[PDB]
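> Quick one: structure below, then a few questions.
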Amino acid sequence: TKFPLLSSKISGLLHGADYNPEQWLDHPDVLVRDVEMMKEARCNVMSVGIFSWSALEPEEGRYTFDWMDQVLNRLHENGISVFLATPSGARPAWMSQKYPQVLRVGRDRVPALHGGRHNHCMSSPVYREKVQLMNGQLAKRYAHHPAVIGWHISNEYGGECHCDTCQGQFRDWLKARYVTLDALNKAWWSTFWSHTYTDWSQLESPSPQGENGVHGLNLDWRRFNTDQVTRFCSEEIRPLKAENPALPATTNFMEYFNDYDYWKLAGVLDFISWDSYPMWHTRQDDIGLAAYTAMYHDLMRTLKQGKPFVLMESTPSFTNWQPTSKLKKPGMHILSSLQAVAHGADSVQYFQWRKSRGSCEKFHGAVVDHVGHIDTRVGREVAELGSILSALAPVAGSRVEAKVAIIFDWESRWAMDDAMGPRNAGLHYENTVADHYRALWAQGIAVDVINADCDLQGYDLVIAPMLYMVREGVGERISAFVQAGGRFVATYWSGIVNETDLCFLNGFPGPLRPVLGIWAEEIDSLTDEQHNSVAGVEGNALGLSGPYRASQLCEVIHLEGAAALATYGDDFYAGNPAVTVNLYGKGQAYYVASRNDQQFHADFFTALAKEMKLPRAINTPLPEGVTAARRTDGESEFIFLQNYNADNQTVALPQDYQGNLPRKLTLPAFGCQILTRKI
Amino acid sequence: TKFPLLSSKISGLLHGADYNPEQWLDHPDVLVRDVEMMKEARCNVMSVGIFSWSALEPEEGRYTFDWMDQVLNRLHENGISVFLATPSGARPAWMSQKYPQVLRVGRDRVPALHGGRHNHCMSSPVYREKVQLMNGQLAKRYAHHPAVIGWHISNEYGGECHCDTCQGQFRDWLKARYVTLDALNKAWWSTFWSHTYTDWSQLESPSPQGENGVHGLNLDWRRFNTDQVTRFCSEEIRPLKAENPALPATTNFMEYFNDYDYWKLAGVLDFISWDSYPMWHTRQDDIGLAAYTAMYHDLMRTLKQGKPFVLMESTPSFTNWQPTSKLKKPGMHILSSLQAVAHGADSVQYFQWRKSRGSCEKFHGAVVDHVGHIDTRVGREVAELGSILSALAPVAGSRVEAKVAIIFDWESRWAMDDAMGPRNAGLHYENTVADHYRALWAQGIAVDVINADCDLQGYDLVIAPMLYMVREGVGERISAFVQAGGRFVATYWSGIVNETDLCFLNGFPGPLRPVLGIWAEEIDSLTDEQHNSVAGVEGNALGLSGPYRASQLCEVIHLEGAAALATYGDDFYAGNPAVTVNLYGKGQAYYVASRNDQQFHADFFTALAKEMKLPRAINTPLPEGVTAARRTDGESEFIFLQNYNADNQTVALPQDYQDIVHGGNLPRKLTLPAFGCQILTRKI
Amino acid sequence: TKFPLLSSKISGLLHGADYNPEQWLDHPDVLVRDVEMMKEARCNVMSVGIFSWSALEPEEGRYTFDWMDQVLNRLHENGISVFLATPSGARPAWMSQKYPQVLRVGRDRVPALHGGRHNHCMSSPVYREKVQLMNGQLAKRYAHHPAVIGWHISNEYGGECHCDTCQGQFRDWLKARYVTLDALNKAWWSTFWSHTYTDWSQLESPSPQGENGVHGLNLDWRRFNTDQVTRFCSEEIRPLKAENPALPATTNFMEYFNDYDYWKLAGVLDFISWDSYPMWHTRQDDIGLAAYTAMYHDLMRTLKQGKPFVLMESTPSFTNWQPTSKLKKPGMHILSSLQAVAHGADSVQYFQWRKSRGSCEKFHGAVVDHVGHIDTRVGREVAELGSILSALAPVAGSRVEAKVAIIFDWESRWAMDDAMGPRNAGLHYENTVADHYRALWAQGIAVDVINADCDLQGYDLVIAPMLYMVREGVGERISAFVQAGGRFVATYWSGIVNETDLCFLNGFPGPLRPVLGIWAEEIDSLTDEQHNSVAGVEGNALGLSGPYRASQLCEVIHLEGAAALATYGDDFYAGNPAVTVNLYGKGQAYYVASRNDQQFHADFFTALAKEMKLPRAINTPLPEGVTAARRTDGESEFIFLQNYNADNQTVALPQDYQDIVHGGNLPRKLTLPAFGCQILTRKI
Ligand SMILES: [Zn+2]
């Protein structure tokens with residue numbers, strides 16, 4: 001009926017920040033003020049210890065935990081929970097100097113020097129052992145500290161190491177996966193360019209001066225790295241769990257992060273967390289950007305089948321590392337933070353409570369500016385959001401009931417982006433997926449963002465833009481899902497290769513060819529100056545009309561059972577099917593042969609939602625840039641109405657919600673209103 | 001009267017592909033189907049063995065030739081010839097592992113790891129010896145196999161190596177060229193920035209962290225690489241010639257390839273072959289691309305004085321490695337293939353017969369798609385092309401009779417591009433030469449593309465765009481050619497330096513100053529937003545009018561006997577001469593002082609062609625984007641009408657011609673389709 | 001009343017060039033012709049020996065001075081002085097070969113090979129000793145040669161070395177400055193990302209594969225390189241002085257050069273010299289570029305409190321290293337050269353007297369072209385400038401009397417440009433400072449360009465654009481300056497950090513918050529597509545109107561005593577103060593909260609000039625693109641009228657002046673040609 005909260009100790013939404021009091025121990029007045037202001041702002045959680053290695057172990061084997069004892073006791077005394085971090089995000093300088101193997105070797109084989117962060121070798125037995133020791137200390141000292149509600153494992157795991165140890169490890173991994181060199185060579189088609197591996201010691205990680213044209217290799221390298229960090233993360237976790245199995249562990253994920261398959265890494269965590277820094281107010285409007293963000297929130301919720309996630313980081317204002325450091329306009333901080341909550345966040349947390357005074361993130365936004373207090377515009381909006389969050393306790397643990405699934409698949413992505421062709425100028429996978437998402441999000445229809453391994457049975461509608469790789473089982477599951485009454489939508493450049501990037505030989509859409517009822521003979525590629533158009537067939541079942549712009553990729557297809565919903569208007573393939581639907585069992589499978597404009601997706605998916613009677617957050621038309629999200633505890637529903645436009649927008653309510661809101665609602669620019677009601 | 005065919009066994013044009021069966025030995029069904037479709041596509045040649053080294057020598061010393069025996073037998077049983085390749089294009093991984101000396105060191109001094117292709121050390125004694133062994137095996141086993149018609153030496157030679165051994169060779173090379181450090185220091189002007197070399201061990205190839213501002217060094221490093229590869233190629237050929245001196249050998253060249261002077265590497269080959277992947281349909285139109293490709297075709301022919309060449313590689317559809325993988329539009333494959341033939345190819349071949357299933361060229365085009373048959377759009381057009389090429393047997397061996405020559409010179413290009421000034425933002429040498437070429441190509445007037453060392457004496461017209469380097473003899477030959485009644489055209493930034501990039505001191509156009517009858521005082525450099533104009537003087541002999549746009553470079557010249565054909569419209573040199581003609585002996589030498597638009601070139605060269613009465617492929621006006629190319633056996637002519645436009649184009653024939661392909665006489669009014677080509681034949 | 005000339009031997013302005021006769025020893029006729037042409041162009045100075053190391057010591061220990069003895073004797077016999085150079089800008093090849101420690105190791109830790117220039121390790125004991133010997137030779141031989149008037153130390157010092165010696169040197173530098181690691185860790189806030197240094201050996205120069213996010217370290221790395229080069233240049237100077245303490249020494253500086261704090265380096269020189277290559281005629285107009293160049297001239301003069309400087313290098317035409325090699329238009333060479341003189345140059349010199357024949361600078365401009373004479377447009381204009389300069393003898397040693405100072409501070413720039421935010425897309429510091437300058441330059445108001453350490457007392461008006469870093473003393477001096485009746489102007493992003501890039505905690509703008517009477521709460525960052533507007537408050541003291549356009553950066557401020565002169569017209573801070581003034585003692589301090597357009601600066605600064613009654617070169621309205629500069633010897637004033645428009649421009653004189661160059665009295669209405677310059681003189 002409702003998910004358990006992050007801890008039995010908490011009873012609503014969390015509000016908080018990364019906290020680095022270790023930078024300020026020379027000013028105890030700052031530490032006392034920090035806490036007074038936390039409570040003023042209604043922050044009830046902080047993440048502590050993240051970059052504290054040198055503050056915990058300034059010399060090898062010599063520890064100094066006192067400041068942390070103090071910090072944890074003070075937060076506890078003041079009713080503030082802690083996510084305690086393991087400090088593996090940044091080794092001390094002494095450790096680098098004494099054990100250089102903890103440093104990485106780059107893809108270009110350049111050895112790193114000490115510095116930066118998140119740049120440890122993941123094979124290094126020394127570093128893994130020091131992590132065990134450090135984590136063992138933190139656990140035996142703090143796993144029963146009443147403040148502590150969970151573990152923040154490392155920080156923002158990322159990157160790759162090509163040192164000789166990592167090469168050895170990679171060779172072993174390959175040898176476990178394919179059992180003979182025979183299997184490997186076949187899987188990679190290595191006879192091409194006489195790349196035949198005749199001994200295991202010949203295998204090597206990719207490099208610009210060596211080999212980076214063997215797709216199978218590049219792909220498995222990414223899988224291998226995923227397994228490296230997943231094992232690294234498990235090992236970090238275990239000494240912690242040994243002292244207290246009841247404390248949950250997470251690690252903080254990044255925006256559409258490419259290095260690791262988060263579906264794999266997620267299987268080692270108790271709950272999901274991520275870090276979101278959208279470049280608000282940098283484009284024509286914030287609508288697209290909002291939908292892109294919202295889709296990733298959904299992904300984060302989907303990784304544990306609806307279980308709420310933590311927004312571990314975000315800025316209250318601007319960042320320090322983007323081309324511009326734009327201020328969030330008044331209201332937008334509430335709106336962006338509530339958007340996380342709207343799609344399943346049970347905590348809104350920020351990077352930095354208090355701005356660092358020196359170093360590279362001193363101009364990153366925080367709750368407490370350099371001016372030393374929170375009587376600033378930023379501070380006041382943070383505090384105001386604190387109030388709002390504390391007033392949303394019933395939303396904590398509530399579920400998102402999505403009947404729509406969109407596939408975003410890391411392995412497909414990796415093999416697609418690595419491939420040479422069919423548009424080396426850019427495929428824009430993230431963006432394309434999101435373009436599909438946007439037409440649903442515009443209607444306030446809930447979406448889960450699964451990968452191709454997830455079970456399709458609970459859904460009415462499954463959408464797979466550019467599912468380039470169709471692994472074993474996937475086409476069968478899809479086919480079964482449609483047959484049983486499901487509806488499927490796939491696009492151009494789906495069903496092309498298998499697990500190791502070998503093309504199918506049965507004609508393209510491959511394992512999906514029978515369900516889609518079409519053959520994709522060839523794909524045309526378009527420059528950024530070129531276009532085609534798609535126009536609906538009179539009487540077509542979705543009422544598509546247009547014409548709509550088609551850009552970048554246009555496939556030439558042949559009907560094999562499917563009927564044409566729309567045709568191309570231009571080029572040598574003019575008059576040919578552009579959009580099709582196929583009847584398969586009691587379901588229907590749609591195919592979209594070209595990359596089309598926003599209007600196309602809006603027409604296509606609003607028709608398809610009307611026909612399928614998909615549930616919406618509110619049953620009323622939403623103006624452009626206004627969206628709606630719904631969470632429920634089984635007893636009430638909570639509707640998040642959001643206005644990403646930069647002017648006022650008015651919505652008509654189809655029923656009564658809670659006192660009681662008027663029948664007709666003006667949302668301010670960047671406004672948000674939460675409507676509640678019994679089901 | 002007519003060149004020899006590639007083999008005594010063949011009787012017409014060849015049609016084929018690179019073929020890689022060794023990737024498919026686990027599916028014998030595929031190998032059978034391969035050959036069936038090959039015949040059904042009218043493919044009569046395959047290149048075999050190019051990347052087969054690990055398929056031939058999986059361990060050091062141990063060979064496995066059975067599969068190749070089978071392929072060659074099967075192709076021969078089915079009436080398909082073979083260009084058998086030496087596999088030095090890609091060494092096996094064991095070889096890299098055991099003998100790392102085979103790997104290169106980059107210009108940035110980064111050593112390469114195993115992988116990629118075409119990236120072997122050209123000094124390495126071990127690699128050269130391993131290649132000798134392999135090539136000896138191949139020759140001894142197959143040099144008399146009835147399938148084999150020729151040798152495909154390596155694959156797309158290219159790149160450079162800076163390992164200590166190559167540095168050693170480079171020092172020896174330099175010392176044999178200049179005898180003393182005195183001559184070298186003077187040649188390169190090394191006193192500048194105190195770069196005087198006082199010992200041969202101080203000489204080093206260019207590097208970004210070392211020396212790359214000494215122009216003479218950069219130039220000779222390129223010359224040195226050229227000779228390294230020419231020697232490498234000779235050594236490869238010899239054990240093959242040793243088993244059978246009658247088999248020809250080629251190596252496949254690249255599009256306007258910059259690394260090596262192809263005029264030197266061609267001297268070791270029997271015939272010329274190249275690989276062409278123009279980005280069709282990616283621009284406003286395909287006209288300029290078409291002429292650019294045509295010009296290179298002419299160069300490939302010219303390299304051996306009119307001898308037909310092989311189009312060793314092309315795509316039937318798209319490539320895998322460009323920004324876009326555009327499909328050839330219906331008809332364009334036919335047209336781009338027949339273009340190669342029109343300008344002297346006696347073979348049309350494709351990169352890949354069958355798509356690789358995996359690895360980096362899996363989405364490169366081929367005859368046989370992953371779908372496993374050739375009843376596809378690409379397939380059907382390849383097959384149709386195969387029909388047309390079998391119908392064009394009489395064209396094989398025919399000649400291209402060009403009375404115009406254009407100079408494209410690798411050494412001049414190298415020194416000109418390496419220079420600091422006069423426009424670092426871009427000189428666009430290949431593009432500039434081709435801009436000249438296009439005004440002739442648009443008229444159906446044949447052109448050879450010679451370098452500055454070729455003999456000028458058979459030509460009526462010689463054109464030299466940006467002949468920056470004028471080596472010893474060139475100025476003299478040019479002058480003689482004009483004096484004897486020839487016509488010569490040179491542009492801005494010609495006659496600037498000598499063999500080692502030393503500027504002439506006698507005023508610029510240097511050695512060409514007398515014949516041109518002008519002094520080029522100074523060259524002005526213009527941003528991409530800045531322009532000038534050129535306008536005809538009233539009564540000028542070429543009938544030049546305009547105004548025409550001038551961009552990028554504008555020279556300030558002084559008449560010294562020459563007359564002004566046109567003047568500048570704008571800037572502080574407005575009213576000054578911009579185009580000139582000079583009478584010298586019985587001939588005329590023209591100079592164009594600024595980089596002018598396509599319209600300028602058209603007026604200039606159509607006027608000049610009319611006046612000179614240059615022969616055309618057809619004596620009728622050709623619409624824009626329609627071209628005509630002529631080949632001849634001395635008895636008949638074969639006219640290739642080509643429409644590069646994306647719509648229909650209708651032309652009138654001023655004579656009666658036969659349809660060599662479909663039979664009968666063509667009508668007088670002839671509509672070429674979009675991307676169309678039609679072949680007219682007629683007795684002289 | 002007037003500064004001393006560079007030497008007791010000279011009596012007016014110098015006119016000359018870098019001269020490299022050592023490239024031409026095989027053609028004595030050239031060396032004779034050189035000197036004849038040098039006098040014909042009225043060139044009275046040459047810089048000699050700059051890249052002559054291998055011409056002076058072709059083997060280790062073994063010298064060859066005879067060609068130089070010759071050269072110096074011949075120049076002296078022909079009334080031409082010499083800045084003799086020390087040749088440390090380019091080591092010989094043998095020295096690199098035998099002592100590899102003289103080569104640099106790059107920021108990326110890649111070790112350099114021999115080649116290039118200005119790329120010596122500055123810690124290298126061998127290279128410093130070799131420089132000691134070589135300089136000691138030159139000095140003992142030539143310190144009393146009658147031709148020699150100064151020392152040209154090295155050539156354009158630049159770059160950095162990261163070899164293990166320089167790392168050691170750096171650790172000793174940091175230890176001598178911080179004393180303990182405690183202090184260092186605190187200054188750099190190194191507890192951030194666990195960067196706490198626990199041993200001096202852990203410290204390392206920045207790198208891309210190591211550490212380059214610690215600002216404290218990046219900033220101190222640049223201070224350390226400044227000290228390294230300052231010491232290196234001292235050490236070069238001392239043997240020269242030891243032989244003749246009367247000979248002045250300079251080193252030639254570069255355009256807004258970033259690697260070194262020139263205020264530190266200048267302390268070691270007797271006089272200032274620099275090298276100017278503006279890209280004239282490459283933009284919409286040359287006005288902005290001209291103001292930008294003028295500002296640097298003023299900076300060069302300000303380095304020694306008004307002491308005239310040497311324009312050591314410039315081109316007579318084009319360069320070889322820019323995207324385009326544009327020709328200076330007719331008149332522009334005169335104007336660009338006289339601009340240097342108008343802002344305090346007592347010498348106008350060019351890179352290269354005679355074009356090198358062979359290396360990378362062979363297409364860099366020079367007085368003598370490859371054509372071998374100076375009867376060329378370029379030569380003629382050089383000669384004509386020669387005349388003009390000789391006619392301006394009285395200007396030599398004259399002063400610039402500026403009551404306005406702009407702050408250009410290296411340390412502030414470093415720390416600001418290294419910061420992450422508030423606009424990584426670009427802060428454009430040089431351009432922003434110059435935007436302020438232009439509004440004054442446009443009025444012909446003189447400006448000294450100081451750093452934040454200079455004494456402010458002599459000025460009426462001090463302008464600090466983006467004074468990001470406010471070091472100890474600066475805020476107090478500024479506040480004192482205002483309090484005493486001074487007027488201060490500051491912008492957005494001033495008063496943010498201290499000496500080690502630690503943020504202030506009182507509220508921005510930190511130490512200037514009292515004097516400015518505002519609090520800057522936050523700064524907003526705008527994409528290149530976005531703008532806001534600034535509009536004057538009715539009855540504001542400066543008569544600001546607008547709206548003006550604001551870009552890139554806009555701060556939200558709060559008034560704390562100051563009054564608003566303007567407000568924003570857009571975004572969420574619309575209606576908020578955008579421009580403010582504060583009364584503080586007898587002065588007024590202005591704050592400009594956003595980066596505004598040209599028209600704002602014009603309105604702001606013309607109103608502020610009229611109100612303050614600042615002195616103009618001429619008391620007349622100047623057309624757009626027409627500027628005026630004033631020098632004085634205490635008796636007369638020399639006014640340089642300058643037209644950077646490409647068309648005629650007419651100006652009304654408010655008094656009567658003599659034409660010092662051409663003679664007689666000028667009228668009250670005067671029309672300057674395109675790129676025209678007229679020099680007006682008059683008694684005070
Ligand atoms: Zn590693």
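Starting from 1 in every chain, residues are counted up; chains themselves are A, B, ... following the order of the structure tokens, and ligands are numbered from 1 as listed.
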Write out as a PDB file with N, CA and C atoms, in the first residue's frame the set of residues from segment 204-367 of chain B that DSSP, computed on the backbone, places in strand (DSSP E or B).

ATOM      1  N   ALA B 249      51.491  -5.310 -60.621  1.00  0.00           N
ATOM      2  CA  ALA B 249      51.289  -4.962 -59.225  1.00  0.00           C
ATOM      3  C   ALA B 249      50.866  -3.509 -59.122  1.00  0.00           C
ATOM      4  N   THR B 250      49.849  -3.290 -58.285  1.00  0.00           N
ATOM      5  CA  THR B 250      49.391  -1.980 -57.836  1.00  0.00           C
ATOM      6  C   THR B 250      49.274  -1.916 -56.298  1.00  0.00           C
ATOM      7  N   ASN B 252      46.644   0.543 -53.648  1.00  0.00           N
ATOM      8  CA  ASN B 252      45.443   1.387 -53.730  1.00  0.00           C
ATOM      9  C   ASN B 252      45.635   2.775 -53.052  1.00  0.00           C
ATOM     10  N   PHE B 253      45.497   3.822 -53.857  1.00  0.00           N
ATOM     11  CA  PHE B 253      45.702   5.199 -53.442  1.00  0.00           C
ATOM     12  C   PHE B 253      44.452   5.811 -52.803  1.00  0.00           C
ATOM     13  N   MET B 254      44.644   6.918 -52.094  1.00  0.00           N
ATOM     14  CA  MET B 254      43.548   7.624 -51.467  1.00  0.00           C
ATOM     15  C   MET B 254      43.285   9.000 -52.072  1.00  0.00           C
ATOM     16  N   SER B 273      45.663   2.347 -59.044  1.00  0.00           N
ATOM     17  CA  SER B 273      44.354   2.046 -58.534  1.00  0.00           C
ATOM     18  C   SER B 273      44.079   2.960 -57.357  1.00  0.00           C
ATOM     19  N   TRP B 274      42.816   3.356 -57.178  1.00  0.00           N
ATOM     20  CA  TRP B 274      42.457   4.197 -56.011  1.00  0.00           C
ATOM     21  C   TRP B 274      41.097   3.963 -55.433  1.00  0.00           C
ATOM     22  N   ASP B 275      40.873   4.601 -54.280  1.00  0.00           N
ATOM     23  CA  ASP B 275      39.696   4.388 -53.452  1.00  0.00           C
ATOM     24  C   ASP B 275      38.931   5.703 -53.295  1.00  0.00           C
ATOM     25  N   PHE B 309      43.206   3.173 -65.253  1.00  0.00           N
ATOM     26  CA  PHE B 309      43.450   2.816 -63.869  1.00  0.00           C
ATOM     27  C   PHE B 309      42.295   1.935 -63.362  1.00  0.00           C
ATOM     28  N   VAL B 310      42.478   1.386 -62.158  1.00  0.00           N
ATOM     29  CA  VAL B 310      41.441   0.613 -61.459  1.00  0.00           C
ATOM     30  C   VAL B 310      40.818   1.474 -60.333  1.00  0.00           C
ATOM     31  N   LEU B 311      39.489   1.514 -60.288  1.00  0.00           N
ATOM     32  CA  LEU B 311      38.802   2.048 -59.110  1.00  0.00           C
ATOM     33  C   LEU B 311      38.686   0.896 -58.108  1.00  0.00           C
ATOM     34  N   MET B 312      39.698   0.788 -57.256  1.00  0.00           N
ATOM     35  CA  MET B 312      39.842  -0.399 -56.414  1.00  0.00           C
ATOM     36  C   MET B 312      38.762  -0.502 -55.345  1.00  0.00           C
ATOM     37  N   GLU B 313      38.275   0.659 -54.905  1.00  0.00           N
ATOM     38  CA  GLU B 313      37.266   0.737 -53.846  1.00  0.00           C
ATOM     39  C   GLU B 313      36.355   1.935 -54.027  1.00  0.00           C
ATOM     40  N   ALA B 345      38.877   4.676 -65.817  1.00  0.00           N
ATOM     41  CA  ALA B 345      38.934   3.445 -65.055  1.00  0.00           C
ATOM     42  C   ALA B 345      38.532   2.299 -65.982  1.00  0.00           C
ATOM     43  N   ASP B 346      39.279   1.203 -65.887  1.00  0.00           N
ATOM     44  CA  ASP B 346      38.939  -0.045 -66.576  1.00  0.00           C
ATOM     45  C   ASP B 346      38.381  -1.101 -65.624  1.00  0.00           C
ATOM     46  N   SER B 347      38.211  -0.721 -64.356  1.00  0.00           N
ATOM     47  CA  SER B 347      37.566  -1.568 -63.350  1.00  0.00           C
ATOM     48  C   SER B 347      36.787  -0.724 -62.366  1.00  0.00           C
ATOM     49  N   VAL B 348      35.615  -1.212 -61.951  1.00  0.00           N
ATOM     50  CA  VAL B 348      34.819  -0.561 -60.890  1.00  0.00           C
ATOM     51  C   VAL B 348      34.663  -1.546 -59.796  1.00  0.00           C
ATOM     52  N   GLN B 349      35.234  -1.210 -58.649  1.00  0.00           N
ATOM     53  CA  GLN B 349      35.186  -2.113 -57.514  1.00  0.00           C
ATOM     54  C   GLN B 349      34.737  -1.388 -56.249  1.00  0.00           C
ATOM     55  N   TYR B 350      34.234  -2.187 -55.322  1.00  0.00           N
ATOM     56  CA  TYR B 350      33.598  -1.714 -54.117  1.00  0.00           C
ATOM     57  C   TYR B 350      34.353  -2.168 -52.895  1.00  0.00           C
ATOM     58  N   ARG B 354      30.403  -8.296 -49.023  1.00  0.00           N
ATOM     59  CA  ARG B 354      29.513  -8.681 -47.936  1.00  0.00           C
ATOM     60  C   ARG B 354      29.849  -7.830 -46.737  1.00  0.00           C
TER      61      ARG B 354
END
> Could you list, as a PyMOL selection string, all residues that come within 6 Å of ligand 1? Count only C-alpha atoms and all ligand atoms.
chain A and resi 104+121-123+161-163+165-166
> Just write the chosen residues, N, CA, C and O atoms, as a CSV table (one decimal), in the first residue's frame.

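Output file result_34.csv follows:
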chain,number,residue,atom,x,y,z
A,104,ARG,N,45.3,6.4,-10.8
A,104,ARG,CA,44.9,5.8,-12.0
A,104,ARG,C,45.9,6.0,-13.1
A,104,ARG,O,46.7,6.9,-13.1
A,121,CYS,N,42.3,4.0,-8.7
A,121,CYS,CA,42.3,2.7,-9.3
A,121,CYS,C,41.4,1.7,-8.5
A,121,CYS,O,41.5,1.6,-7.3
A,122,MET,N,40.6,1.0,-9.2
A,122,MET,CA,39.5,0.2,-8.6
A,122,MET,C,39.9,-1.3,-8.4
A,122,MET,O,39.2,-2.0,-7.7
A,123,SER,N,41.1,-1.6,-8.9
A,123,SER,CA,41.8,-2.9,-8.7
A,123,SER,C,42.7,-2.8,-7.5
A,123,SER,O,42.8,-3.8,-6.7
A,161,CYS,N,40.3,3.0,-15.1
A,161,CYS,CA,41.7,2.9,-15.0
A,161,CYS,C,42.3,1.8,-15.9
A,161,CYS,O,41.7,0.8,-16.1
A,162,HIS,N,43.4,2.2,-16.5
A,162,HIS,CA,44.0,1.3,-17.5
A,162,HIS,C,45.4,0.8,-17.1
A,162,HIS,O,46.2,0.4,-17.9
A,163,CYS,N,45.6,0.9,-15.8
A,163,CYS,CA,46.9,0.4,-15.2
A,163,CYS,C,47.0,-1.1,-15.5
A,163,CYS,O,46.0,-1.7,-15.7
A,165,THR,N,47.4,-3.5,-13.5
A,165,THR,CA,46.6,-4.4,-12.6
A,165,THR,C,45.2,-4.5,-13.2
A,165,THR,O,44.7,-5.6,-13.3
A,166,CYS,N,44.6,-3.4,-13.6
A,166,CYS,CA,43.3,-3.3,-14.2
A,166,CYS,C,43.2,-4.1,-15.6
A,166,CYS,O,42.2,-4.8,-15.9
> Tell me which protein, DNA and RNA residues are within 12 Å of residue 110 of chain A, counting only C-alpha atoms, leaving out same-chain ones fewer than 6 positions away, and put them as a ChimeraX atom specification.
/A:103-104,161-163,207-209 /B:110-111 /C:108-110,207-210
> Go through segment 91-332 of chain C and collect every residue that DSSP, computed from the backbone, puts in helix (DSSP H, G or I); the answer should be as an NGL selection string.
:C and (93-98 or 100-102 or 125-142 or 164-178 or 181-188 or 192-194 or 200-202 or 215-243 or 262-268 or 287-302 or 332)
> Please build the interface table for chain C against chain B with a cut-off of 8 Å, listing for each qualifying residue the nearest atom pair and the distance in Å to one decimal; count only C-alpha atoms, order rows by chain and increasing number, and write it as CSV.

residue,atom,partner,partner_atom,distance
C:22,CA,B:191,CA,7.4
C:23,CA,B:191,CA,5.8
C:51,CA,B:193,CA,4.9
C:52,CA,B:194,CA,5.9
C:53,CA,B:194,CA,6.0
C:54,CA,B:194,CA,5.2
C:55,CA,B:194,CA,7.2
C:58,CA,B:198,CA,7.3
C:59,CA,B:198,CA,7.8
C:90,CA,B:194,CA,6.0
C:91,CA,B:194,CA,6.9
C:92,CA,B:194,CA,5.9
C:93,CA,B:197,CA,6.3
C:94,CA,B:198,CA,7.1
C:97,CA,B:202,CA,6.9
C:110,CA,B:209,CA,7.8
C:111,CA,B:209,CA,7.3
C:112,CA,B:209,CA,4.8
C:113,CA,B:210,CA,4.0
C:114,CA,B:210,CA,5.0
C:115,CA,B:211,CA,4.1
C:116,CA,B:211,CA,5.7
C:117,CA,B:193,CA,7.0
C:282,CA,B:527,CA,6.8
C:319,CA,B:421,CA,7.9
C:320,CA,B:421,CA,5.0
C:321,CA,B:420,CA,6.0
C:322,CA,B:424,CA,6.7
C:323,CA,B:425,CA,4.7
C:324,CA,B:423,CA,4.9
C:325,CA,B:525,CA,5.3
C:326,CA,B:525,CA,4.9
C:327,CA,B:524,CA,5.7
C:329,CA,B:572,CA,7.1
C:330,CA,B:572,CA,7.4
C:356,CA,B:192,CA,7.6
C:357,CA,B:503,CA,5.4
C:358,CA,B:502,CA,4.6
C:359,CA,B:214,CA,5.5
C:360,CA,B:213,CA,5.5
C:361,CA,B:420,CA,7.0
C:362,CA,B:503,CA,7.8
C:363,CA,B:421,CA,6.0
C:364,CA,B:421,CA,7.9
C:370,CA,B:505,CA,4.9
C:371,CA,B:507,CA,4.7
C:372,CA,B:505,CA,6.6
C:376,CA,B:521,CA,7.5
